[PDB]
Structure formats: structure tokens, C-alpha cells
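Below is start-v3.txt, holding compact mmCIF, C-alpha atoms.
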```
# COMPACT_ATOMS: atom_id res chain seq x y z
CA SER A 6 109.61 97.38 99.82
CA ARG A 7 112.09 97.16 96.93
CA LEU A 8 114.81 98.36 99.30
CA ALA A 9 114.84 95.10 101.17
CA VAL A 10 114.94 93.07 97.97
CA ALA A 11 117.66 95.37 96.70
CA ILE A 12 119.60 94.73 99.93
CA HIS A 13 119.42 90.91 99.79
CA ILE A 14 120.58 91.11 96.22
CA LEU A 15 123.50 93.35 97.09
CA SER A 16 124.44 91.22 100.09
CA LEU A 17 124.87 88.07 98.03
CA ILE A 18 126.65 90.03 95.34
CA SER A 19 128.94 91.11 98.14
CA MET A 20 130.43 87.62 98.14
CA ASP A 21 131.31 88.14 94.51
CA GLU A 22 130.91 84.57 93.29
CA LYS A 23 129.85 85.21 89.71
CA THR A 24 126.34 84.53 90.90
CA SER A 25 123.81 84.63 88.07
CA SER A 26 120.58 86.52 88.45
CA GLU A 27 118.58 83.32 88.43
CA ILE A 28 120.48 81.85 91.37
CA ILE A 29 120.02 85.12 93.20
CA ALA A 30 116.28 85.06 92.70
CA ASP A 31 116.35 81.44 93.89
CA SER A 32 118.55 82.26 96.84
CA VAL A 33 116.50 85.34 97.55
CA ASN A 34 113.34 83.38 96.86
CA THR A 35 111.87 86.02 94.58
CA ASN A 36 110.90 86.31 90.93
CA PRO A 37 113.95 86.62 88.61
CA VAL A 38 112.41 89.42 86.52
CA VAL A 39 112.20 91.54 89.64
CA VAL A 40 115.80 90.64 90.40
CA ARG A 41 117.06 91.53 86.95
CA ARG A 42 115.03 94.75 87.07
CA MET A 43 116.41 95.65 90.48
CA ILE A 44 119.83 94.86 89.07
CA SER A 45 119.49 97.13 86.01
CA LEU A 46 118.46 99.95 88.32
CA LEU A 47 121.34 99.34 90.71
CA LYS A 48 123.71 99.39 87.77
CA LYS A 49 121.93 102.38 86.26
CA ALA A 50 122.68 104.04 89.59
CA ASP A 51 126.23 102.77 89.04
CA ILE A 52 126.05 100.86 92.29
CA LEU A 53 126.80 97.70 90.36
CA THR A 54 129.22 97.24 87.55
CA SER A 55 128.79 94.33 85.19
CA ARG A 56 131.36 92.52 83.06
CA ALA A 57 129.52 90.72 80.23
CA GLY A 58 130.79 87.24 79.55
CA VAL A 59 130.35 86.81 83.30
CA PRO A 60 127.04 85.97 85.02
CA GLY A 61 125.62 88.49 87.45
CA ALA A 62 127.59 91.60 88.33
CA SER A 63 129.42 93.12 91.26
CA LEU A 64 129.74 96.10 93.57
CA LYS A 65 131.26 99.14 91.96
CA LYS A 66 132.39 100.13 95.42
CA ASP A 67 133.02 98.78 98.87
CA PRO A 68 129.99 97.85 101.08
CA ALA A 69 131.16 100.37 103.66
CA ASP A 70 130.74 103.08 101.06
CA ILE A 71 127.19 102.14 100.12
CA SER A 72 124.48 103.84 102.10
CA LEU A 73 121.01 102.39 102.29
CA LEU A 74 119.67 105.81 101.28
CA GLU A 75 121.94 105.49 98.23
CA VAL A 76 120.27 102.15 97.51
CA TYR A 77 116.82 103.57 98.13
CA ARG A 78 116.91 106.27 95.45
CA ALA A 79 118.22 103.83 92.86
CA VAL A 80 115.11 101.67 93.38
CA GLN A 81 112.89 104.56 94.50
CA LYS A 82 109.48 104.73 92.79
CA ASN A 94 91.24 117.50 96.65
CA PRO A 95 90.65 120.01 98.40
CA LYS A 96 88.84 122.96 96.79
CA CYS A 97 88.23 125.35 99.68
CA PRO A 98 91.04 127.90 100.16
CA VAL A 99 91.33 126.80 103.76
CA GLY A 100 91.83 123.21 102.72
CA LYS A 101 94.60 124.16 100.35
CA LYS A 102 96.31 126.21 103.03
CA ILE A 103 96.37 123.28 105.41
CA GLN A 104 97.50 121.19 102.48
CA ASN A 105 100.62 123.28 102.29
CA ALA A 106 101.22 122.91 105.99
CA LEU A 107 100.90 119.20 105.60
CA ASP A 108 103.03 119.15 102.47
CA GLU A 109 106.04 120.57 104.25
CA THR A 110 105.69 118.42 107.39
CA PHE A 111 105.78 115.30 105.24
CA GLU A 112 109.04 116.74 103.97
CA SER A 113 110.42 117.00 107.48
CA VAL A 114 109.49 113.39 108.22
CA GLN A 115 110.71 112.47 104.79
CA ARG A 116 114.11 114.03 105.41
CA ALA A 117 114.19 112.19 108.71
CA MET A 118 113.42 108.83 107.05
CA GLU A 119 116.10 109.72 104.48
CA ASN A 120 118.60 110.72 107.13
CA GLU A 121 118.67 107.33 108.84
CA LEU A 122 119.01 105.47 105.54
CA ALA A 123 122.11 107.53 104.99
CA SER A 124 123.48 106.62 108.39
CA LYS A 125 123.65 102.86 107.78
CA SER A 126 125.82 101.15 105.17
CA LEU A 127 125.57 97.89 103.29
CA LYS A 128 128.39 96.64 105.52
CA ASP A 129 126.43 97.79 108.50
CA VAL A 130 123.73 95.29 107.71
CA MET A 131 126.09 92.48 106.70
CA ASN A 132 127.25 91.10 110.07
CA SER B 6 97.77 108.74 103.59
CA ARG B 7 94.95 108.72 106.16
CA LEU B 8 97.04 111.02 108.34
CA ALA B 9 96.54 113.94 106.02
CA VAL B 10 92.81 113.32 105.79
CA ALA B 11 92.73 112.95 109.55
CA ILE B 12 94.52 116.30 109.85
CA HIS B 13 92.14 118.26 107.57
CA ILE B 14 89.28 116.82 109.53
CA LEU B 15 90.79 117.81 112.85
CA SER B 16 91.69 121.28 111.58
CA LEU B 17 88.11 122.13 110.68
CA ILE B 18 86.89 120.58 113.88
CA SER B 19 89.32 122.93 115.55
CA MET B 20 86.96 125.80 114.73
CA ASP B 21 84.28 123.97 116.66
CA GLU B 22 81.26 125.04 114.65
CA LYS B 23 79.03 122.01 115.13
CA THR B 24 80.17 120.96 111.69
CA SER B 25 78.47 117.77 110.52
CA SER B 26 80.46 114.98 108.97
CA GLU B 27 78.88 115.57 105.60
CA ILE B 28 79.95 119.21 105.47
CA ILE B 29 83.42 118.13 106.49
CA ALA B 30 83.65 115.64 103.67
CA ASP B 31 82.38 118.39 101.36
CA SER B 32 84.79 120.93 102.76
CA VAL B 33 87.56 118.36 102.73
CA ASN B 34 86.39 117.18 99.33
CA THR B 35 86.46 113.51 100.29
CA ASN B 36 83.96 110.69 100.65
CA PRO B 37 81.80 111.03 103.82
CA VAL B 38 82.12 107.35 104.76
CA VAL B 39 85.87 107.80 104.98
CA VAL B 40 85.30 110.90 107.07
CA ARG B 41 82.92 109.20 109.47
CA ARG B 42 85.30 106.23 109.68
CA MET B 43 88.26 108.49 110.37
CA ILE B 44 86.09 110.20 112.96
CA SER B 45 85.13 106.98 114.79
CA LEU B 46 88.80 106.08 114.98
CA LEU B 47 89.80 109.52 116.25
CA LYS B 48 87.12 109.25 118.90
CA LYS B 49 88.05 105.64 119.62
CA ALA B 50 91.52 107.05 120.26
CA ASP B 51 89.71 109.58 122.45
CA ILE B 52 91.12 112.40 120.37
CA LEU B 53 87.59 113.52 119.67
CA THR B 54 84.70 113.65 122.04
CA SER B 55 81.18 113.68 120.67
CA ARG B 56 77.99 115.03 122.21
CA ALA B 57 75.02 113.33 120.50
CA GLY B 58 72.17 115.66 119.69
CA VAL B 59 74.92 117.78 118.11
CA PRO B 60 76.33 117.23 114.60
CA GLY B 61 79.99 116.34 114.28
CA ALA B 62 82.20 116.28 117.36
CA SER B 63 85.07 118.19 118.87
CA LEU B 64 88.62 118.01 120.21
CA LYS B 65 88.92 116.30 123.55
CA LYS B 66 92.02 118.40 124.07
CA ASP B 67 93.79 121.49 122.89
CA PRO B 68 95.49 121.45 119.42
CA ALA B 69 98.80 122.20 121.08
CA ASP B 70 98.48 118.95 122.98
CA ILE B 71 97.80 116.81 119.92
CA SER B 72 100.84 115.35 118.26
CA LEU B 73 100.73 114.18 114.68
CA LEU B 74 102.22 110.88 115.84
CA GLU B 75 99.26 110.69 118.24
CA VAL B 76 96.98 111.16 115.22
CA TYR B 77 98.91 108.64 113.17
CA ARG B 78 98.43 105.65 115.49
CA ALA B 79 94.72 106.35 115.80
CA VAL B 80 94.37 105.98 112.02
CA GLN B 81 97.37 103.66 111.63
CA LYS B 82 96.73 100.54 109.52
CA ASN B 94 110.60 84.58 101.53
CA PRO B 95 113.58 83.81 102.03
CA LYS B 96 114.41 80.15 102.73
CA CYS B 97 118.20 80.09 102.84
CA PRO B 98 119.63 80.62 106.36
CA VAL B 99 121.72 83.46 105.01
CA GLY B 100 118.67 85.18 103.63
CA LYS B 101 116.90 84.97 106.96
CA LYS B 102 119.93 86.37 108.75
CA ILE B 103 120.01 89.40 106.50
CA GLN B 104 116.27 89.60 106.97
CA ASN B 105 116.84 90.18 110.64
CA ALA B 106 119.40 92.85 109.92
CA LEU B 107 116.91 94.53 107.67
CA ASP B 108 114.08 94.06 110.13
CA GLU B 109 115.79 96.08 112.81
CA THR B 110 117.01 98.86 110.49
CA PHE B 111 113.44 99.45 109.35
CA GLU B 112 112.75 99.88 113.05
CA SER B 113 115.40 102.55 113.35
CA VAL B 114 113.97 104.44 110.38
CA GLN B 115 110.53 103.74 111.71
CA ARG B 116 111.35 105.26 115.09
CA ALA B 117 112.81 108.23 113.23
CA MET B 118 109.63 108.71 111.17
CA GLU B 119 107.69 108.35 114.43
CA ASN B 120 109.92 110.80 116.25
CA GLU B 121 109.20 113.72 113.93
CA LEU B 122 105.45 113.10 114.01
CA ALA B 123 105.72 113.49 117.75
CA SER B 124 107.59 116.76 117.39
CA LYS B 125 104.82 118.63 115.56
CA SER B 126 101.39 119.41 116.97
CA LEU B 127 98.00 120.03 115.41
CA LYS B 128 98.50 123.69 116.31
CA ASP B 129 101.85 123.56 114.66
CA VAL B 130 100.20 122.89 111.33
CA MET B 131 97.31 125.31 111.85
CA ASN B 132 98.91 128.70 111.08
```

Could you show the structure in this file as C-alpha cells?
Amino acid sequence: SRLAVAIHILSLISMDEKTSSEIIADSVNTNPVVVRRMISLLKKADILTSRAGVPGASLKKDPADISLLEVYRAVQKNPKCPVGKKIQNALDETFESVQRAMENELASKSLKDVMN
Amino acid sequence: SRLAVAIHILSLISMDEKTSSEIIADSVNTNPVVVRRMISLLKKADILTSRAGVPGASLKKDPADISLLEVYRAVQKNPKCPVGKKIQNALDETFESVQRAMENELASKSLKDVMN
């Protein structure tokens, strides 16, 4: 999951130590292209602000105001018979109920919530 | 997801028409190895009983007594720094909260619930 990697990244950025992306990948023990990518997305989602002429970036807001769900989206990625299709629709909506559930927890926790 | 495929399969079996696995794959428009596999698992999970000398199989219980979660399980499949690991643990448990959530909806619906 990219969520986890996005979380480690954000955690370290929490400390706000002008930590470069490289160091983060090292510290996170992950490829630094992934890290930079994750970081462009997070910024694209305005979760992270950057201040060129300064390595890395930093939280646009406070960790207590950053939901995991909020993080998720930012890094978020037969049959033919008529009967089959029908059922398909049933299925389709259920997966939306479970989906909303998944999504509802992620909105319950905060970045701060994990950092402890 | 194998859950969906497992659901289509169970739905048709609902009708209990001595439907062979082949026909099911046809009807479901999926490979018949997958179907048979899914069907061995479902039986292994005693969701489906079989009566050799009869194509296909059938529900061991009533559709209203078959939770999707119940179906799910049957077909259910760095860092080095000390800080990283810590966070890992935080993450680990959260994913268990979301997980339980996912799992809690699947237990709310029934096979019958989708068949309508």
C-alpha cells in the first residue's frame, strides 16, 4: 500500500528538519523515486507545501488536521447473461457500502493519531 | 476480487438446477478452472455440499444464513530505523481497525441480501 509509505514520509516530515527526499527514502528504506513521486502527489493534494531553496518540504497543516482518508485519496490509484449483470449491480453497490466503511475509518484517524 | 466470482457462482447455485461447473463458468463468463477451484474452496468451507453422481453442487444452508464475510474467508487469499518500525506498528494496528470495518460490513449482508 502507498498509504503506509505516504504515512512514514509524512511522519518524518512532521519533525520538520529540512529533510531531503533522499534521506527520507533512506530513513524509510524505500526507493527515492517512489518517495519523490509520493511527495509530488501529497503536495498536489496540497498536503505538503514546499519552499524551494530548501530540501524536502513540510506539512501545510497540523498533523491533527490530516486524516488518513485525506492521505489515501492523494495517493489513491464479464458477464453476458442478463441475470449475471443484475447480480453484478447488486455486488457493485455492496462493494460501495464496504468501500464507504473502509473510507469512514480512514477519516476517523489522524496523522497525529498514529504518531505516538 | 474472488468474492464477486464466488457470489455469482453461489447465486446460480441458489436456483439449485443441477448446474454443472462448466455451465456456471459459461453463465458467469469466466474460466471453468477458476470456477471449480472456487467451488472446492466453498465446499472446503462447507458452504457447499456436493452429491456425486450429480453435476455441480448446492448450498449447505439457506442464502439468508450465508454472510458475504463468510464467503470472503473461504476464498480469502523495510524499515530499519527504530522510528520507522515504531510507526510501522502504529500503521499495523490501524489497518486492523479498517480491516475489521471492511469485515464488519461483509458480515452484515447475506447472500439473500444480494439476490433480489

At most 12 Å is the cut-off: for each residue in stretch 6-25 of chain B with any atom that close to an atom of stretch 63-96 of chain A, write down the nearest atom pair and the distance in Å rounded to one decimal, counting all atoms listed in the file, chain first then increasing number, as a Markdown table.
```
| residue | atom | partner | partner_atom | distance |
| --- | --- | --- | --- | --- |
| B:9 | CA | A:94 | CA | 11.3 |
| B:10 | CA | A:94 | CA | 10.2 |
| B:13 | CA | A:95 | CA | 9.5 |
| B:14 | CA | A:95 | CA | 11.7 |
```

Can you spit out the residues from that selection as a PDB file, in the coordinates of the input, using C-alpha atoms?
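File produced: result_19.pdb:
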```
ATOM      1  CA  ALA B   9      96.540 113.940 106.020  1.00  0.00           C
ATOM      2  CA  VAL B  10      92.810 113.320 105.790  1.00  0.00           C
ATOM      3  CA  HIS B  13      92.140 118.260 107.570  1.00  0.00           C
ATOM      4  CA  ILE B  14      89.280 116.820 109.530  1.00  0.00           C
TER       5      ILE B  14
END
```

- Neighbour list for residue B:103 as a list in words, cut-off 9 Å, all atoms listed in the file, skip fewer than 4 positions in-chain: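 Answer for this query is residues 12, 13, 16, 130, 131 and 132 of chain A; 98, 99, 107 and 108 of chain B.
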
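Atom pair atom CA of residue B:20 / atom CA of residue A:110: separated by 21.4 Å.
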
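For the pair atom CA of residue B:121 and atom CA of residue A:114, the interatomic distance is 5.7 Å.
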
- Of B:48, B:123, B:27, B:100, the one nearest to chain A when counting only C-alpha atoms is B:100

- Message: Between atom CA of residue A:6 and atom CA of residue A:24, what distance in Å does the model show, to one decimal?
- Response: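 Here the two named atoms are 22.9 Å from each other.
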
- Item | Shortest interatomic distance to chain B - which of A:29, A:8, A:106, A:15, counting only C-alpha atoms | A:106

- Can you work out which one of B:126, B:34, B:41, B:54 has the shortest atom-to-atom distance to chain A, counting all atoms listed in the file? B:34

- Message: Nearest residue to chain B out of A:36, A:115, A:25, A:19, using all atoms listed in the file?
- Response: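 Using all atoms listed in the file, the shortest distance to chain B belongs to A:115.
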